[PDB]
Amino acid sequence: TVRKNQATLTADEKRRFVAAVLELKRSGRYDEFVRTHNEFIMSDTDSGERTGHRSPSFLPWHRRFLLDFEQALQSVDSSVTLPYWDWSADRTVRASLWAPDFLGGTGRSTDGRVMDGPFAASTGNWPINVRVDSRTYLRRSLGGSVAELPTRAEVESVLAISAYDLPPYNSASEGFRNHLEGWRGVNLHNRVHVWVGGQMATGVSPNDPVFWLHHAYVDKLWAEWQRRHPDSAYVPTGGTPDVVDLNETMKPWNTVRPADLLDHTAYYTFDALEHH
């Protein structure tokens, strides 16, 4: 399995990705990924149990969540893999990502409704069912609520942080994980959710297919961080209340640990990834 930069996909790879995503939607499977993410993001708190976000396991949790989704896509079309969106490079609404043959563009300014591409409500193919905002159409406002996506120099500042995570292992932490997540510092992952707007800014953010491409690039940055810091690894490593330690299992799967997910190459490679 090779995960490729979205900008490099062929016309046929875009068509097959789109068709596999729409089939998961039609069959009902897609919405249950939306529901899982919302349930975790509403339950993951800074002074109590936290697994999918605001915690060291943010990275392996989303790695496994993305693997579940990629394996579901591969059950429809075994040639499909998750592409990634390098938002430091493809940073405007003119990025081919947002073209009508891939994800479609920004929402109209009246109601945020996406009007083109395969996920526009008018196609009949993309009902928003798992929702909290009552509207049932995909929405986006690219660059609406925050002016700029992160730049490469900002990403580099975060990649340079050697410690994976630090006590208190939550949204207040110093260290790589929380700077990549974005609750502290110049803000990488959270800011991209805010920049897309629409459902991507909410607990039901997997309603937008760009969710997967965003998190596939966050996942690639973890892999790059590892190559930069071979002497660093996941922490904590045992006995931490409310936090998933290295060798503890993670909900909802219960059968996988962060330790099982540190090495992506057991599951996929990237089109290109720096050697240390």
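Throughout, rigid core stands for the largest set of C-alpha atoms superposing within 1.5 Å between the two forms. Throughout, we count residues from 1 along the sequence that is shown.
Fitting each structure in 9 other deposited structures of this protein onto the rigid core and averaging C-alpha distances over structures and residues, 130-138 emerges as the more displaced of 172-180 and 130-138.
Stretch comparison (105-113 versus 130-138) by mean CA B-factor in the PDB entry places 105-113 on top. The mean C-alpha temperature factor is higher for 261-269 when 261-269 and 20-28 are set side by side. In this structure the maximum Cα B-factor among 219, 208, 46, 70 is found at 46. Sorting 204, 120, 180, 186 by the CA temperature factor given in the entry leaves 186 at the top. Sort the chain's modelled residues by C-alpha temperature factor and residue 82 lands in the middle third, per the entry. In the PDB entry, a CA B factor belonging to the middle third of its chain's modelled residues is recorded for residue 244.
Residue 149: CA B factor lies in the middle third for its chain, per the PDB record. The deposited CA B-factor of residue 250 belongs to the middle third of values across its chain. Residue-level temperature factors show residue 172 in the highest third of its chain, judged at the C-alpha atom.
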